[PDB]
Amino acid sequence: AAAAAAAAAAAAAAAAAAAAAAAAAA
Amino acid sequence: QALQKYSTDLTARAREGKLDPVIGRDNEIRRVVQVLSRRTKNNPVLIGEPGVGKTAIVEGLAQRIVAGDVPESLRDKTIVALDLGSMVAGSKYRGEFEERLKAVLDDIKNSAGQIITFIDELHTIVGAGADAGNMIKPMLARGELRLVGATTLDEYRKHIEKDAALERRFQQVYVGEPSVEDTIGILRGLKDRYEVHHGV
Amino acid sequence: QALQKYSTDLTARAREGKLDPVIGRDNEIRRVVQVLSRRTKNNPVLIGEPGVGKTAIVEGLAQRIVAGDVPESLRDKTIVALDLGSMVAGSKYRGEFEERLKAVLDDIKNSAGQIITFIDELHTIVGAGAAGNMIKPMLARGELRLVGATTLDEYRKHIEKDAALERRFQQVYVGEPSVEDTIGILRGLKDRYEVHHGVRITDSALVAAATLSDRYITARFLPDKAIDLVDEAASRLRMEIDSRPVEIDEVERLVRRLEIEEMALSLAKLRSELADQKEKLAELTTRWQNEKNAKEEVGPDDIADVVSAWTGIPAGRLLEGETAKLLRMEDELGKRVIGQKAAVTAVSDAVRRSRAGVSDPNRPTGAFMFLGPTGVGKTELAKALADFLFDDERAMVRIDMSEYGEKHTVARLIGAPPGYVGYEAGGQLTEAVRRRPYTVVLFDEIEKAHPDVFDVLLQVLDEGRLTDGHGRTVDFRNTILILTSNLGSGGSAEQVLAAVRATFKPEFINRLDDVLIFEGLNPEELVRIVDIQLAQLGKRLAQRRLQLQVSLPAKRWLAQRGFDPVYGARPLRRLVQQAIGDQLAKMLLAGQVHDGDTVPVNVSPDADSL
Amino acid sequence: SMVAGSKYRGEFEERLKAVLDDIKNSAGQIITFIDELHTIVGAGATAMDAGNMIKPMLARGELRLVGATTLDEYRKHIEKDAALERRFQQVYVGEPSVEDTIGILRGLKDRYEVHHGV
Amino acid sequence: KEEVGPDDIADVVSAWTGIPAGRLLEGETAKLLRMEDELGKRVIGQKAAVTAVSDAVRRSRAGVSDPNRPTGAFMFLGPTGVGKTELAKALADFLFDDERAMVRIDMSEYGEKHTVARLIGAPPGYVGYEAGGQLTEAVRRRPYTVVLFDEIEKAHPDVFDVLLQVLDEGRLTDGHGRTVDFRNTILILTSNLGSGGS
Amino acid sequence: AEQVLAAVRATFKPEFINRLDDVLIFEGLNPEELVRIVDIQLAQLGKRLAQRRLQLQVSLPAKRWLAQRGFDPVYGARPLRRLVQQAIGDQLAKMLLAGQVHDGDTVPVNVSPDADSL
Amino acid sequence: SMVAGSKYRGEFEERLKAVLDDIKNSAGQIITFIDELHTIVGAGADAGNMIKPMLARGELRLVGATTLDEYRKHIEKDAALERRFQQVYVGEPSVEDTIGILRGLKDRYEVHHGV
Ligand SMILES: Nc1ncnc2c1ncn2[C@@H]1O[C@H](COP(=O)(O)OP(=O)(O)OP(O)(O)=S)[C@@H](O)[C@H]1O
Ligand SMILES: Nc1ncnc2c1ncn2[C@@H]1O[C@H](COP(=O)(O)OP(=O)(O)OP(O)(O)=S)[C@@H](O)[C@H]1O
Ligand SMILES: Nc1ncnc2c1ncn2[C@@H]1O[C@H](COP(=O)(O)OP(=O)(O)OP(O)(O)=S)[C@@H](O)[C@H]1O
Ligand SMILES: Nc1ncnc2c1ncn2[C@@H]1O[C@H](COP(=O)(O)OP(=O)(O)OP(O)(O)=S)[C@@H](O)[C@H]1O
């Protein structure tokens, strides 16, 4: 005679980043 | 009868003059009346950058219904503003939320289209799951429940346009900001309300 | 008994005439039927982009089973669609939902081959339990029939990720139609919308609404896109079928408004505009009556007005008012740009063209670079062009490419690729034209941009549309692209062209319109700038009742001692404030020059005093 | 102390709505004061539902909600969600100079004599 | 005073956003009357180039200024050791009652073509994205500060291209997509070119 | 022949030569092969004008009058496609908006040494 | 050990509130010591953020210890906390101090190895 009580959740996945690396052009 | 417990009633508040008067914008009111009275897929969405007045259009529609300037098959159809915050109050068990939502939808469909629902800020309608907010999908396209909404322009493309099965069943009604020349008329209209609250 | 309780019945509503005919699409009907009559693995799944019609195919199948045009072993089947909403309702106990599912599957088991289960949007079944797993021994024994239909991307996100079931599903691609078959579909749906309203539909509307929705409205797919314009033009006509029409309504509401304001103020002014508006409203009213003395169906114009009011793009039948605009347009545009008549006559020649329906259907309607020396008006022109297309000058979409000096700064107009930091945000060009595309786009100083942004503008032109880092293709097919420069800066007419060929690739100049070249100014054409500056100055300080009196010797003197043909009209706008603005700015806060005054200027041999 | 233990599905939302109905119930008395209000945004991590629940209540002016956030933790969170940004007015508190900081220091020279008897 | 009027509206838009836009109600016109001579207590001489700096302030407080342009954007140069930095710190003294509340950037460091990004931000997807620019996020807080630009000779002619829409329009952008308005600040440019030309 | 295949062979890093097959040469804008291009473009323009029931009659002297500013075998046939909408387009657009070219009418071409008026 | 079992909402928060409430439940004799505190900024999922009013009110004594390289990468970028700490700087010593320290630890290794 018990119940179910559907529990919640939390999600996470981060992001990246890029770098440009200029070239001195000579 | 179940809508008494999970809703407000803008028509009942409009029938005692408790709404700020809406001045201007005949085009958007006529466009909402045009879209809301077609046969199927009859549910607009107000969209604009924030602050330009989008709740004001729905309150002006309520004023114009209670006055009576509408066409014939829009007369005396109360606008029952729904909620989704108050409906997930006690929802711990595995089947209470979906039962409550099905009771709400059954109570709407049991009428003869006499009710215009109004979910303000409907970009929260995707979540509340854990499925949920997906059992309303067949009811929208058949044309039973009339639904009027209001989003910002940039929460729309993040929460709704990700879910392209839903957004086909709407009608985007863009609302742009006015210039100065109409704002002078708006300010001349709303001058009397602040003179009464502040006695100046 | 439980299928009567939870689920639905298409065949119940099919025998009551409670659907619509599905005229068209014989091939996919026959394909689904023939897959369904296989000995084994008869689980079809419809996969296609949304809005092309997938529920309608199953409804046409139900209509055909009611009629009886099916092949052999499909007599009297009564297709039952399940309801996963009512499966989860009040089941707050422990072992209850799987027993409800087991009762329904037991009620499926007893009948041999009658019931065809139809679960719509079957990607919900992967979750929805905590269950929803009691399908594998069912489909391992061929009992369940399981016709379904999902959308295109939602299939591969869940079901192909969870591929233990997909081997028990044969797939059918659902094809979108084209312009030709959509007209034959709309002929078979006219007979219902006549009944639901009090209107009739001319076949000209069923041609024009199918043609006109292909070009302009680019977000949806063809079968349901065309129903929208008809079904809402019917509602607009039904609004006008009621007792009193439009316009007159517009003017009545407007004059009531101005009446309100005016009486509340009791401004003059408005008093005039009242009267004028009352003249107009009178005239129209009389005209109305006259006409009456002398429409009840949709024509061509109603579809045009629906597609014009929505999405902002003006496309009508040149409704008698803009003919006053588009012929006077040269003199009206020459109230802010003085001179450059050869340029106004070529800028004007791309709006009258594309308005009158003769222009190309895959091209930006105006794309032309104009350049020369400085202080001429090549920036003032665009902010004068956007002063009557929009009737306000702050409604311009303007970017400045004097900041894009390097390679990686493309991404502030095309957005980042997905899965990075800025992906909520999106671009600054892509997500500002997809919202109501009609605006005018600028590019200030295209010279100093890095020479790799230009390989994005090659498919902005010459194709009409571009992709981004999000997954959409916004189109610029009806904007006006404008490019500015100062290149050459000393060539007569051809060293400028040599510099343009030296800096730009020839395959970019090839795609443009006529590259205009501005000429400069003249001594006689400077006085007309002077009095515009002075009247603008009076309009600025029109707020303190402080109008001016400039004598014509002083206005002549302003033309002379700031002149040079090397800086344009910029030094005159500084010389005005060096002559007037010093003495006025000192004396105005020094008292004695109070409100309600017409202060003059008078010629002195160096200054001009007050 | 409101997202304290709320692992069940509707456990946080009725709690917050009970607090808000108690604030709305009384006759305009209670002026709330949330410190560090940039934590309003990411309240219930379910799909944005929480945090913008009080959005139809601030527009009618029902809870007076004095807050205090820093300058640079503001255009990272609240300007990201500009539908909330127009509900709030702004008061800009800049630093003083020495000429008033001397006066501010001279008045606090009593509590430090108590905690340290010097 | 029993009704509102056009003055208290200006009082509100002064006290919020910090821009002095009133009418000079009889108190501080006494200040701006004496500005060519009050400023002389810290700068001696240079009289023909104080009567012009003392004019873009008076014409902007009278209401004659061009409403889409910075209130004054002028460049002064000459030989060294004259007082061309001391002046631009002395007219930031009675407007603000301090001398450190000004945007003092130094363009003596922008020799190459990619130090634009420290004053304009970074496009989205890259490493420092939520940082803004150094020029941008010091104006948007209080849009009234005077701005220096010290030794503009040494900048590569790419920084001038960024500076070109600052003048004569008043707005630039950054990564977040906001157009910060320079419509009522006093730009000041220093130089040392020639240094002894006849 | 020589310099083209010398530049072609050098930009094939490994194994792009003997694993494709033979290389061909363009045959550009020529006077005999110029007419049918104008035929396709005029059929396209007639497709653009057949909606409002107006059509064209184009003669061969005008079709070779356009061949002066349509040959230019360096840049290509794109200024031809522009000048079709330049010379015909503005005259037609000027006439079509002020009435007088009422529906059901046809339009003939009329050769001039610089224009071609109607 | 405090993010041991948590895939929920509000699981870490109660587990932190019980520890802070057991600290301020007592009187002032529970001087705390978080070593390597550069893992106090993250750990959100908003967390490490119930501690900010408690720091600048004088409740928990909190002797901390960060390396200088990890400090300016994880804390100085998040400048609301940097006025809630005093920066005791420890420089490295010279030779004779190290000779004294090595004479200090001569005792222990003789126990650990019989040499
Ligand atoms: N046409 C109008 N007539 C009268 N009052 C108006 C009008 N437009 C706006 N207002 C007033 O201006 C305010 C508009 O606020 P809201 O319309 O509620 O903001 P909003 O449109 O809801 O935008 P968001 O993103 O939801 S905050 C209210 O105080 C209205 O009374
Ligand atoms: N041949 C046809 N005859 C009549 N109506 C059609 C035909 N093809 C499509 N339609 C209509 O097009 C619409 C398609 O609606 P649905 O197929 O139910 O939506 P959908 O295409 O399945 O997209 P989703 O993912 O289910 S929301 C309905 O209005 C159909 O009546
Ligand atoms: N022919 C003209 N008629 C009217 N106003 C003009 C004219 N030429 C210039 N102006 C004025 O000059 C200003 C516009 O300067 P612009 O010519 O737009 O500078 P520009 O053309 O952008 O040159 P650059 O190199 O881009 S700064 C405005 O104040 C215009 O009113
Ligand atoms: N006329 C003057 N009145 C008062 N102080 C002056 C005057 N001329 C120079 N000084 C002082 O000279 C010092 C340096 O002047 P600065 O203006 O800082 O140098 P500069 O004029 O900027 O030249 P460069 O190009 O920057 S090296 C300061 O301490 C000033 O106070």
# chains A, B, ... in the order shown; residues from 1 in each chain; ligands from 1

call {"tool": "residues_around", "arguments": {"residues": "segment 25-39 of chain D", "least_positions_apart": "3", "cutoff": "7 Å", "atoms": "only C-alpha atoms", "output": "PyMOL selection string"}}
result
(chain D and resi 21-22+42-43+63-69+77-78) or (chain G and resi 46)

call {"tool": "residues_near_ligand", "arguments": {"ligand": "ligand 1", "cutoff": "7 Å", "atoms": "only C-alpha atoms and all ligand atoms", "output": "list in words"}}
result
residues 20, 21, 22, 23, 24, 25, 49, 50, 51, 52, 53, 54, 55, 56, 150, 151, 152, 186 and 190 of chain B; 59, 83 and 86 of chain D

call {"tool": "atom_distance", "arguments": {"atom1": "atom CA of residue 12 of chain G", "atom2": "atom CA of residue 37 of chain G"}}
result
17.3 Å

call {"tool": "residues_around", "arguments": {"residues": "residue 281 of chain C", "least_positions_apart": "4", "cutoff": "12 Å", "atoms": "only C-alpha atoms", "output": "list in words"}}
result
residues 246, 247, 248, 249, 250, 251, 252, 253, 254, 255, 256, 273, 274, 275, 276, 277, 285, 286, 287 and 288 of chain C

call {"tool": "residues_near_ligand", "arguments": {"ligand": "ligand 3", "cutoff": "6 Å", "atoms": "only C-alpha atoms and all ligand atoms", "output": "PyMOL selection string"}}
result
chain C and resi 336-339+374-380+486+529+569-570

call {"tool": "residues_around", "arguments": {"residues": "segment 108-117 of chain F", "least_positions_apart": "4", "cutoff": "12 Å", "atoms": "only C-alpha atoms", "output": "number ranges by chain"}}
result
F: 54-66, 68-69, 83-84, 86-92, 94-95, 101

call {"tool": "write_last_selection", "arguments": {"atoms": "N, CA and C atoms", "output": "compact mmCIF listing (two decimals), in the first residue's frame"}}
result
# COMPACT_ATOMS: atom_id res chain seq x y z
N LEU F 54 0.76 39.26 -70.22
CA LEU F 54 1.53 40.04 -71.19
C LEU F 54 2.67 39.19 -71.72
N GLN F 55 2.90 39.26 -73.02
CA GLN F 55 3.94 38.49 -73.68
C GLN F 55 4.65 39.36 -74.71
N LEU F 56 5.71 38.81 -75.28
CA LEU F 56 6.67 39.58 -76.06
C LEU F 56 6.80 39.03 -77.48
N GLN F 57 7.23 39.90 -78.39
CA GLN F 57 7.68 39.51 -79.72
C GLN F 57 9.06 40.12 -79.92
N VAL F 58 10.08 39.27 -80.01
CA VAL F 58 11.47 39.72 -80.11
C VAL F 58 12.00 39.34 -81.48
N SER F 59 12.52 40.32 -82.21
CA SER F 59 13.06 40.07 -83.54
C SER F 59 14.54 39.70 -83.46
N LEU F 60 15.03 39.13 -84.55
CA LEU F 60 16.46 38.86 -84.69
C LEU F 60 17.36 40.10 -84.84
N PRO F 61 16.97 41.22 -85.49
CA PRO F 61 17.85 42.40 -85.43
C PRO F 61 18.08 42.96 -84.04
N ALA F 62 17.07 42.98 -83.16
CA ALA F 62 17.33 43.36 -81.78
C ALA F 62 18.17 42.31 -81.06
N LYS F 63 17.95 41.03 -81.39
CA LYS F 63 18.69 39.93 -80.79
C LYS F 63 20.16 39.96 -81.16
N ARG F 64 20.50 40.54 -82.31
CA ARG F 64 21.90 40.77 -82.62
C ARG F 64 22.35 42.18 -82.29
N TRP F 65 21.43 43.10 -81.99
CA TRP F 65 21.83 44.39 -81.44
C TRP F 65 22.37 44.23 -80.03
N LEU F 66 21.76 43.33 -79.26
CA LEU F 66 22.29 43.04 -77.93
C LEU F 66 23.63 42.31 -77.98
N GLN F 68 26.35 43.16 -79.36
CA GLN F 68 27.51 44.04 -79.20
C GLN F 68 27.98 44.05 -77.76
N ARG F 69 27.09 44.38 -76.83
CA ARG F 69 27.40 44.36 -75.41
C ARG F 69 26.96 43.02 -74.80
N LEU F 83 21.96 43.39 -68.72
CA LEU F 83 21.47 44.42 -69.64
C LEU F 83 20.10 44.09 -70.19
N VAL F 84 19.74 42.80 -70.22
CA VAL F 84 18.37 42.39 -70.52
C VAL F 84 17.38 43.04 -69.56
N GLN F 86 18.30 45.69 -67.66
CA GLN F 86 18.57 47.13 -67.67
C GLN F 86 17.71 47.84 -68.71
N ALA F 87 17.91 47.49 -69.98
CA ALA F 87 17.34 48.29 -71.07
C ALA F 87 15.84 48.07 -71.20
N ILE F 88 15.43 46.80 -71.20
CA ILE F 88 14.01 46.48 -71.30
C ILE F 88 13.30 46.80 -69.99
N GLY F 89 13.98 46.57 -68.86
CA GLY F 89 13.29 46.51 -67.59
C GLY F 89 12.80 47.86 -67.08
N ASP F 90 13.61 48.90 -67.24
CA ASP F 90 13.22 50.21 -66.71
C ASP F 90 12.14 50.86 -67.56
N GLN F 91 12.22 50.70 -68.88
CA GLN F 91 11.19 51.21 -69.77
C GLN F 91 9.86 50.50 -69.51
N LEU F 92 9.91 49.17 -69.37
CA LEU F 92 8.71 48.40 -69.08
C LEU F 92 8.15 48.75 -67.71
N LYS F 94 8.53 51.65 -66.12
CA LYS F 94 7.97 52.99 -66.18
C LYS F 94 6.60 52.98 -66.85
N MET F 95 6.44 52.16 -67.89
CA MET F 95 5.16 52.13 -68.58
C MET F 95 4.11 51.36 -67.79
N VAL F 101 -0.74 50.10 -70.44
CA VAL F 101 -0.14 48.89 -70.97
C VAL F 101 -1.04 47.78 -70.43
